[PDB]
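Structure first, then comments.
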Ligand SMILES: C[C@@]1(C(=O)Nc2cncc3ccccc23)C(=O)Nc2ccc(Cl)cc21
Ligand SMILES: [Cl-]
């Protein structure tokens, strides 16, 4: 029993974190093979700023050992520093771009030194509600699938509302954001409906059935209610994805949708679901199956 | 900005997790130097669980009965001793990935990260607090025994918990790494219940200071309270008595925000009386009690 916001073990990623210094700016780098990936704003027209830099201007540090930079290129908003030493601790990895609603683990780092690990979700507005201070830039988001680390996020900036914006590891931002000091705002956020439903199934699995009802709804009627409560549209793909949880608990997806419709119109009424007074939307249907079945890495 | 339930990076601990098999029972072990620490109930046969005599069960076991596995490599057990409710298996190989470590016993209200493992393989990491009733509200399935709780302050890993059992309410009970249980619990299948839980008042106040630091002041008020009057109200909501030690511990947060501890205590009393009124504090509709005053300073400043 128990349901917790659980991150993937960060060990495979810790072995990659390095400190990248360029002039006054100090942030984190991801050292994979002989390349160190970091936000391109470490140099701060990035093509013009980078052409003025030499390899010895980038001081890379892995523990107490300094890596010597032998090349530098830019791929969208990420700087790829070619180094002389290939990281022996480089895990099996892939660079994946995640979709909003998908969750990942963030290894927050300051001065190439991992300080904490937390779970979060790519919000529908392409921001993440992270926990970052100055020096956290270059901190990465990842998932582990068997023995392979899928890098999906690299932290770049904090928006004025306290939410965070970053890129995939190919330097492509999530959202309509740019990497410079300018007026940028996080768009109106929405709740990840498929994730709330997954968390309601986890609650059922954990012996919390008060919110269940004899009712079931149509996908059209659920989406009409969901749009009114700033909830993401639930697709037939989402219903199919919730299939295993629906099978395991005995509550059809549209039965749990009638439960969510009642929770949205009526509220929790002094009650909690999995120790929460709010509808949690940062557990995907896969996170619920992984935690309520015990998959290992 | 941002406030998250943040666990310590688990890497230093992952390198220690091993699978301990003794007969039918398979659980996790913590391999530090040439010793593998695991719950002593690994020697029990379920029908030797209501009233196990571990000294009698262990005297019957030999070193080759304990199959220890670190990855695909099998460790050879060369000795075995028992220290309270933990089994210490002396192995022939010292773990090269052994970090700088200490065994620390924690007090209720203290938090720690848990690296949940199954078959000596880490599956997840989460942040926990030792509840005032000495249980933890973990996320554990069968086969998670031996999973450890830790804090990684500086470069040293302080091991504070080893998972042993799940109580009938779904909460978990375990020991420090010296095998001493937290709480009035025993490693027996006998009827054991978690005592009435309470809210860690010092941690709620710390989380309210984190909220002030993050620009959330809606809950603040023009009132102060005596410490006695705060506890009289707090006790009625099942909140732990706030001691002068707790007030002293909150001193730095009070200094940083400019809100005296007893004024933050008046805000808390008001939140207990009124609730949130559709509002949230740091994305929560409930008063969070699993962030110590130290966790708040670490996450908000360094
Ligand atoms: C092995 C066991 C235990 O609580 N294990 C578990 C530990 N943690 C989580 C579990 C979730 C589901 C099932 C079993 C879980 C048990 O089933 N009875 C019993 C009695 C005494 C002790 Cl010290 C240990 C146990
Ligand atoms: Cl303590």
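Because the Cβ atoms are built from the backbone with ideal geometry, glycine has one as well, and the counts that use them run over all protein chains shown. Read the figures in this text as sums done on the coordinates, not as results from a lab.
A few comments on the model shown:
- Folded to 0 to 90 degrees: helix B:227-236 orientation relative to chain B principal axis, Cα: 60
- Label-to-label distance, residue A:278 versus residue A:97, with points set 7 angstrom from Cα along the beta-carbon direction: 2.9 nm.
- Chain B: angle of helix B:201-213 to the longest principal axis, Cα-based, in degrees nearest 10: 60
- Using alpha-carbon coordinates, inclination of helix B:261-274 to the longest axis of chain B, degrees: 90
- Neighbour counting of Cβ atoms within 10 Å sorts the residues B:176, B:187, A:208, fewest neighbours leading, into A:208, B:176, B:187.
- Placing a pseudo-label 7 Å from each Cα along the Cα-to-Cβ vector at residue A:247 and residue B:301 gives an inter-label distance of 5.3 nm.
- Chain A, helix-only ellipticity at 222 nm - DSSP H runs n ≥ 4, -39,500 (n - 2.57), divided by all residues, nearest 500: -6500 deg cm²/dmol
- Considering all C-alpha pairs of the protein assembly as shown, those separated by over 38 Å amount to 35%.
- Theoretical FRET efficiency, 1/(1+(r/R0)^6), r = Cβ-Cβ of residue A:235 and residue A:295, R0 30 Å, to 0.05: 0.75
- Partner chain coverage, peptide A:202-209 - average Cβ within 10 angstrom: 1
- Amide N of region A:122-147 lying under 19 Å from the label point, which is placed 7 angstrom from the Cα of residue A:181 along Cα→Cβ: A:133-138
- Modelled FRET efficiency - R0 51 Å, residue B:190 with residue A:188, Cβ distances, 0.05 increments: 0.40
- Average other protein chain Cβ within 10 Å of Cβ, residues A:107-116: 4
- Neighbouring partner chain Cβ atoms per residue of A:285-297, average, 10 Å criterion: 4
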